[PDB]
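Architecture at a glance
If you want the building blocks of each chain, they are given just below.
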Amino acid sequence: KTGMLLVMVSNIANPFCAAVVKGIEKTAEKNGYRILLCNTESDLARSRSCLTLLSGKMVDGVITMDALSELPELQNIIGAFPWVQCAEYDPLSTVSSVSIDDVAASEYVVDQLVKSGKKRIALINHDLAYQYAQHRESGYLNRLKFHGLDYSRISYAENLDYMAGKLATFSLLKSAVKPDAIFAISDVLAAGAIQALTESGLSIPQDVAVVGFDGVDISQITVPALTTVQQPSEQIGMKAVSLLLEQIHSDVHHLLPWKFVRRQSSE
Amino acid sequence: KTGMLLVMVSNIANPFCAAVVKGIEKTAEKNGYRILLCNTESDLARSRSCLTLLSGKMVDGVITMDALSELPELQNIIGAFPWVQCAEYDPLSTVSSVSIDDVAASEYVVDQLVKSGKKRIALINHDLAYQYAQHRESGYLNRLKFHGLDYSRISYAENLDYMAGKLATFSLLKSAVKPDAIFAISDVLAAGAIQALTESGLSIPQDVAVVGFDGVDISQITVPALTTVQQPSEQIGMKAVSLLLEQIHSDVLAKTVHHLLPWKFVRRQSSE
Ligand SMILES: [Cl-]
């Protein structure tokens, strides 16, 4: 009845979010909706504020990209109002969602690194409030144990910006035992790694391979170009709206396929 | 008790917007406000729609980063509601604004390229509905004529992304006379110019210099690092809120003001 949807975004400065929002705006407008965004950064104080649009009767449905951490409380506020969780969701909950299989993806990256002769794979992680951070860290650890590797180092980036990945990398290079590959949970973090490696005069991938995650345009801009896990980000957004519309017209955790895109930073 | 403010964003995928939003949020949230965004992209139907929040009393004021020419189309909806324009500059407009001086920055860009010996400077422009894109184009064309340069050329990126930059660049290289320098209206487009230039085997700056605009992180990621016009992007958003708060505040009758914040030409390897 209002012709408006609310989108809670985790980080508008994350280019993954921007590509997912583009897909959401496309499907919403194809279906006669317009979209309002809240840059929540999974801060329930901002969420509580923007959700007054439900009770204010200003929107017909909600899509969230907020951290798993926040989802139980969001459920208390949102209740049965149309809702889809997008990229970030709770697989134990009854709320409809769409994402990829993060665990499968990070396991495949580690397997490819191992198959290529790398043994000392470090992870650059971000905020464990997010289930996708949790999953990618489990997939990583899963395959280190499997292949029987004994190096394991995870560096937690504070911000999702290149400088965070860069300093994470210098941090990893400080040890006696240095990685021979760095898997970053985002392409922005990985571009920062590539820059630290380069200023350190390490060849990529001959000294240290780098693999990122998401397949956003930065992965094509970096030298060397960045091997990454490409999400179908735009379609994630489109499918979130399609699932939402189904609740709006009434009265599943959907997984879309990812692709490993092999580039020079790993080959 | 906590209010909300509406931001009408010109392109949520433009890292300059994200930087202005960041400053908006910092100032707003110290003053008891949270922020709602609309990715309006100077689409009038989108703008009209998100502006029902003002009428509906869900937000206390609007900061717009849309094309300047949208202002008169919305004046009837906004009336006396608190209203501030970012990144467009018209001192005859009655809507208070905060931005840089685009004409002075772009002429300065051209003067620096000409000082360094460049004589065929091209422009990658994007969406001319924005007055800043018009001013950067005039500033570029007038300053070439001012230096008596014979070469002029402009190629228009359809989207704001690196591929659009790269395509604009291939188009400028496909010509009788090639540029010896490329000035882009955003660092995003310039990163694509650097990519096409490199894949074409041109040396930067030796064969073709590149200059961008805005001073966003991509400009520190490209190889060579990207000479650019650095905007104080966060300060633009914080100031926009400050101006919006004078309007909201009961004890001041706010007047029109058009703040110009300083830009800086930041020299990197892509031009030096
Ligand atoms: Cl950027």
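Residues numbered from 1 in each chain as written, not as in the entry; some residues may be left out. Chains lettered and ligands numbered in written order. Heavy atoms only, no water.

In its metadata, the entry names X-ray crystallography as the structure determination method and reports 1.990 Å as the resolution.

All names here are of chain B. Each domain of chain B was delimited in the assignment, giving domain 1 (1-101 + 231-263) and domain 2 (102-230 + 264-272). Centre-to-centre separation of domain 1 and domain 2, based on C-alpha positions: 29 Å. Between domain 1 and domain 2 the total buried area reaches about 1600 Å² when both faces are included, carbon and sulfur atoms providing 52% of it. Among the residues of domain 1 in contact with domain 2, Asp101, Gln231 and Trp263 are the three that bury the most area, contributing 43% of the side total. On inspection of domain 1 and its partner domain 2, the count reaches zero salt bridges. (Domains from an automatic or database assignment. Buried area = accessible area lost by both parts, 1.4 Å probe. Salt bridge = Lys/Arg side-chain N within 4 Å of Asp/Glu carboxyl O.)

A cluster of nonpolar side chains, A:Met163, A:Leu167 and A:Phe170, forms an exposed patch at the surface whose accessible area comes to about 250 Å². The topology assignment puts A:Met163 in helix α7 (residues 162-173). (Patch = residues over 30% accessible without salt bridge, like charges linked within 9 Å, V, L, I, M, F, W, Y side chains within 5 Å. Areas by Shrake-Rupley, 256 points an atom, 1.4 Å probe, with all protein chains shown as cover. Helix = DSSP H or I, 4+ residues; strand = E, 2+ residues; numbered from the N terminus.)

The next point concerns the packing of aromatic side chains. Counted by the stated rule, this structure contains eight aromatic pairs over all chains. In this arrangement the basic side chain of A:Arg136 is found over the ring face of A:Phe213, its NZ or CZ atom lying 3.8 Å from the centre. (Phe/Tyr/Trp six-rings, centres within 6.5 Å; stacked < 30°, edge-to-face > 60°. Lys NZ or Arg CZ within 6 Å of the ring centre and 35° of its normal.)

To continue, consider the environment of B:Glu272. Residues and elements named next belong to chain B. With respect to the element layout, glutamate 272 can be found in the segment after β12 (264-266). With a relative accessible area of 68%, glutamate 272 lands in the exposed category. For the pair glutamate 272 and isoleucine 204, spaced 68 residues apart in sequence, the C-alpha to C-alpha distance is 9.4 Å. (Buried < 20%, exposed > 50% of the residue type's maximum accessible area, 1.4 Å probe, protein only.)

What follows is about the sheet that holds strand β7 (residues 153-156) of chain A. Residues and elements named next belong to chain A. Taken in spatial order, the four strands of this open sheet run β7-β6-β8-β9, and their pairing is parallel. Where the open sheet ends on each side, the last strands, each with one partner, are β7 and β9 (209-211). Averaged over all adjacent pairs, the angle separating strand axes in this sheet is 20°, with direction ignored. In this structure, strand β6 (residues 121-125) lies alongside strand β8 (residues 181-184), joined through four bridges in parallel fashion. Bridge assignment links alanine 122 to a residue of β8, and that residue is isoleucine 182. Lying over the sheet, α7 contacts β6, β7 and β8, oriented at roughly 145° with respect to β6. Docked against the sheet, helix α8 (residues 187-199) engages β6, β8 and β9, running at close to 165° with respect to β9. (Pairing = 2+ DSSP bridges. Axes fitted to C-alpha atoms, helices over the stretch in contact; angles between N-to-C directions. Contact = heavy atoms within 4.5 Å.)

Here the focus is the domain arrangement of chain A. All names here are of chain A. Partitioning chain A into domains gives domain 1 (1-101 + 231-258) and domain 2 (102-230 + 259-267). The straight-line distance from the C-alpha centre of domain 1 to that of domain 2 is 28 Å. Taken together, the 22 residues of domain 1 in the interface contact 21 residues of domain 2. When the two sides are added together, the surface that domain 1 and domain 2 hide from each other amounts to roughly 1600 Å², 56% of it contributed by carbon and sulfur. Counting the surface domain 1 buries against domain 2, the share from its top three residues, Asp101, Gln231 and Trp258, is 41%. On inspection of domain 1 and its partner domain 2, the count reaches zero salt bridges.

This part covers the interface of chain A and chain B. Residue-level contacts link 30 residues of chain A with 31 residues of chain B. Linking chain A with chain B are four salt bridges, by the criterion used here. The salt bridge involving A:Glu25 is made with B:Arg46; its shortest N-O contact spans 3.8 Å. Where chain A touches chain B, the interface holds nine residue pairs in polar contact. Going through the elements one at a time, α1 (15-30), β2 (34-39), α2 (44-50), α3 (52-55) and α8 of chain A are the ones with two or more residues in the side of chain A that touches chain B. For the side of chain A that touches chain B, the element with the highest residue contribution is β2(A), accounting for six residues. Classifying every residue of the side of chain A that touches chain B gives 18 nonpolar, five polar and seven charged. (Polar contact = N/O pair within 3.5 Å; in protein donor to acceptor, adjacent residues only side chain to side chain. Nonpolar A, V, L, I, M, F, W, Y, C, P; charged D, E, K, R; others polar.)

Residues and elements named next belong to chain A. Over its 17 residues, helix α6 (residues 131-147) runs 24 Å from end to end, which matches the ideal 24 Å to within 8%, given 1.5 Å per residue. Listed in full, the buried residues belonging to α6 are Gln131, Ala133, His135, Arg136, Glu137, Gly139, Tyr140, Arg143 and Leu144. Along its buried surface, α6 packs onto α5 (102-115), β6 and β7. (Expected span 1.5 Å × (residues − 1).)

Right, let's talk about the pairing of strand β5 (residues 96-99) of chain B for a bit. Residues and elements named next belong to chain B. Of the two faces of β5, the one holding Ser96 and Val98 and the one holding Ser97 and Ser99 are both buried throughout. Pairing analysis gives three bridges linking strand β4 (residues 83-86) to β5, with the strands arranged parallel. Bridge pairing in β5 links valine 84 to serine 96. Pairing geometry for β5 and strand β11 (residues 258-260), over three bridges, is parallel. Within β11, the residue paired with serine 99 across the bridge is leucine 260.

A word on the layout of surface pockets. Residues and elements named next belong to chain B. Computed from the structure, the second largest pocket encloses a volume of approximately 370 Å³. Lining the second largest pocket are 20 residues, and of these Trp83, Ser93, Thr94, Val95 and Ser96 sit closest to its centre. Looking at the lining of the second largest pocket element by element, the count peaks at three residues for helix α4 (residues 71-78). Residue composition of the lining of the second largest pocket, grouped by class: 10 nonpolar, seven polar and three charged. (1 Å grid on protein atoms, 1.4 Å probe; cavity = no way out; pocket = protein on both sides within 12 Å on 5 of 7 lines; lining within 4 Å. Points joined across faces, edges and corners; volume = space filled by probe spheres on them.)

The next thing to look at is the packing of α1(A) against helix α9 (residues 233-248) of chain A. Residues and elements named next belong to chain A. Contact geometry of α1 with α9 gives a least axis separation of 7 Å together with a crossing angle of 40°. As summarised for this structure, α1 and α9 are arranged oblique, according to the angle between their axes. Regarding α1 and α9, the two cross each other, and that crossing is right-handed. The residues of α9 that touch α1, namely those facing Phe16, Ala19, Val20, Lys22, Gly23, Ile24, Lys26, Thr27 and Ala28, are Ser233, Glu234, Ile236, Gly237, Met238, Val241 and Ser242. Here the contact of α1 with α9 is composed, by residue class, of eight nonpolar, five polar and three charged. (Parallel < 35°, antiparallel > 145°, perpendicular 65-115°, else oblique. Left-handed = near helix turned anticlockwise from the far one by under 90°.)

Looking now at empty space enclosed by the protein. In this model, the largest cavity occupies a volume close to 60 Å³. Along its surface, the largest cavity is lined by A:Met4, A:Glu25, A:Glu29, A:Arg34, A:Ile35, B:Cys38, B:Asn39, B:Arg46, B:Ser49 and B:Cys50. Elements with a minimum of two residues in the lining of the largest cavity: α1 and β2 of chain A together with β2 (33-39) and α2 (44-50) of chain B. Looking at the lining of the largest cavity element by element, the count peaks at three residues for α2(B).

Quick look at unusual backbone geometry now. At the junction of B:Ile204 and B:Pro205, the peptide bond is cis and its omega measures out at 0° in the coordinates. Note that the residue after B:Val223, namely B:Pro224, is joined by a cis bond; omega there is -5°. Positionally, B:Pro224 belongs in the loop between β9 (209-211) and β10 (228-230). One non-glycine residue, A:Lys57, adopts positive backbone phi at about 65°. The topology assignment puts A:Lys57 in the loop between α3 and β3 (61-64). For A:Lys57, a relative accessible area of 67% translates into the label exposed. Even without a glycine there, the phi angle at A:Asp214 is positive, about 135°. Its location among the elements puts A:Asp214 in the loop between β9 and β10 (228-230). Assessed through its relative accessible area of 6%, A:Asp214 is described here as buried.

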